[PDB]
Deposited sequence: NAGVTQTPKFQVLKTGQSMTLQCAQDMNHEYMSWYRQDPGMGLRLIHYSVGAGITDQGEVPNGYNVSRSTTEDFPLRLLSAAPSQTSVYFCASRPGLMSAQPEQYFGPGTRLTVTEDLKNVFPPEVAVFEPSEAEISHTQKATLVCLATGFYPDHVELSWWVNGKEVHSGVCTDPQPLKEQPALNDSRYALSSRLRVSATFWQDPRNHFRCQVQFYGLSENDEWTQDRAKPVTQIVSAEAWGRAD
């Protein structure tokens, strides 16, 4: 189907960037949209086939290239804060226009890379009171202190990703809602039976994948360089 690289990217104002879009469906038509809170999808550029590209509603600041039928890269010439957004590549056979969308690229443009921070992650074990009232056991994962808002939180029980009994906040809280580059927090809950939580051989891990700086960004600060990394926390079941 349609694939996009990277999923997330932070930039310093001025830096340039290339978002990749690929589609091995021999589709001839390809588009890039940006999506902004409260605006929906806005067309940036599009291409009817190889060698051909045309502008859309908001073409300014971006170039494209369609050399082949498979790829439609989008290039950001010079990052500005106003280009913080989620970009989606989309394709259709071309020649009844169902559009298929890539999974999207979320981009954050910041004044200074010193603003970048990885999350700290902790798992909070279930209340005994909950256990005795409800016979169910809720664990909470909290990811705190991170910037930009580029995380994916997952739960893993005995080594396998779980989706049932989970719910993660659909958006981060700003830790300083007034501050422009505020750091963020995100919580998730995983709820299992009391009996399952009570088995000491059962393992519960909250994984947060953070997208941050790469090997090649400068770092002089007192703290570890905030690179793309996985930060995780766990708990073992306990009869209690």
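- Message: Need the unmodelled segments of the deposited chain, numbered from 1, in order.
- Response: Going by the record, the segments left unmodelled (no C-alpha atoms) fall at 1-2, 98-100.
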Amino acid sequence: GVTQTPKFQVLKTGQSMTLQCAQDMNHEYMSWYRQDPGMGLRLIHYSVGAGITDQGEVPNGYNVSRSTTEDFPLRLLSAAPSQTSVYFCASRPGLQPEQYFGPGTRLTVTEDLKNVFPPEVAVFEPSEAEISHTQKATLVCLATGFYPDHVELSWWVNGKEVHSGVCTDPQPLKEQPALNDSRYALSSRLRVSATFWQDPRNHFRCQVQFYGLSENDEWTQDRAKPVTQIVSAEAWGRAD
From here on, numbers count along this sequence of modelled residues.
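- Task: Between 193-201 and 58-66, point out the one with the higher average CA B-factor as the PDB entry records it.
- Result: According to the PDB entry, the answer is 58-66.
- Message: So, looking at the entry's B-factor column for Cα atoms, which has the higher mean, 225-233 or 12-20?
- Response: According to the PDB entry, the answer is 12-20.
- Message: Just the C-alpha B-factor column, please: which of 169, 98, 130, 161 has the biggest number?
- Response: The listed residue with the largest C-alpha B-factor is 98.
- Between 50, 206, 186, 213, which carries the biggest CA temperature factor in the record? Going by the entry's C-alpha B-factors, 50 comes out highest.
- Where the record places residue 144 (Cα B-factor, split into thirds across the chain): It belongs to the lowest third of the chain when residues are ordered by C-alpha B-factor.
- Using the B-factors in the PDB entry, rank residue 126's C-alpha atom against the chain and give the third, lowest, middle or highest. According to the entry, residue 126 has a C-alpha B-factor in the chain's lowest third.
- Message: Taking only the Cα B-factors deposited for this chain, tell me whether residue 165 sits in the lowest, middle or highest third.
- Response: Its C-alpha B-factor, which the entry lists for residue 165, ranks in the lowest third among residues of this chain.
- Task: Using the B-factors in the PDB entry, rank residue 119's C-alpha atom against the chain and give the third, lowest, middle or highest.
- Result: Lowest third - that is where residue 119 ends up once the chain's C-alpha B-factors are sorted.
- Query: When the modelled residues of the chain are sorted by Cα temperature factor, does residue 82 land in the lowest, middle or highest third?
  - Reply: As the PDB entry reports it, the C-alpha B-factor of residue 82 lands in the highest third of its chain.
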